[PDB]
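Student:
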Amino acid sequence: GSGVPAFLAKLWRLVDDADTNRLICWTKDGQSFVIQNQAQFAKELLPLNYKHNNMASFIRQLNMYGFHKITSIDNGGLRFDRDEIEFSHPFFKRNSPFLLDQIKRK
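Its first residue numbered 43, the sequence shown is counted upward by one per residue in the entry's author numbering.
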């Protein structure tokens, strides 16, 4: 809503409009966003939009912008771990027409 690219503008319209949730929803109140599903979270939301399907491509792209998933651990033992792909960005929340303009490919 202020010279924001379409890629990001779509996310705001993707994590809402009540049409995905299960594949992607907000985490705690409304700050970051998680994507429990991976497969199903690919051949249904990426097409009819970017055209290109695949999935690891949409992720290796999240890094090109500047994202960091909170599921690296690489050392634990408790249950958890079940495709919990979490995403965090100190510049992506609800009403905030000033956290996007500062997001572009490195």
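Virtual Cβ for every residue (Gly too), placed ideally from N, Cα, C.
To which residues of the same chain is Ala-84 closer than 8 Å at the C-beta, ignoring the five residues directly before and after it?
Tutor: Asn-95, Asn-96, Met-97, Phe-100
Student: Please name the residue or residues paired with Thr-69 in a DSSP beta bridge.
Tutor: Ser-74
Student: Take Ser-44 and list the residues in its own chain whose beta-carbon comes closer than 6 Å to its own, dropping the five residues that flank it on each side.
Tutor: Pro-139
Student: For a test of the three-state rule: what should DSSP assign to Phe-100, helix, strand or coil?
Tutor: Collapsing the DSSP output to three states places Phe-100 in a helix.
Student: Between the C-alpha atoms of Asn-137 and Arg-124, what's the straight-line distance to the nearest angstrom?
Tutor: 31 Å
Student: For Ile-77, I'd like the list of residues in its chain whose CB is within less than 6 Å of its CB, leaving aside the five on either flank, ordered along the chain.
Tutor: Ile-66, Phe-83, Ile-127
Student: Span of the alpha helix (DSSP H) holding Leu-56?
Tutor: 48-56
Student: In the DSSP output, what is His-110 paired with across the bridge?
Tutor: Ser-130
Student: In angstroms with no decimal places, state the Cα-to-Cα distance between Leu-141 and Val-46.
Tutor: 10 Å
Student: Could you give the distance in angstroms between the alpha-carbon of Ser-114 and the alpha-carbon of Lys-70?
Tutor: 20 Å
Student: Under three-state DSSP, which class holds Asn-105?
Tutor: In the structure shown, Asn-105 sits in a helix (DSSP, three-state: H, G or I).
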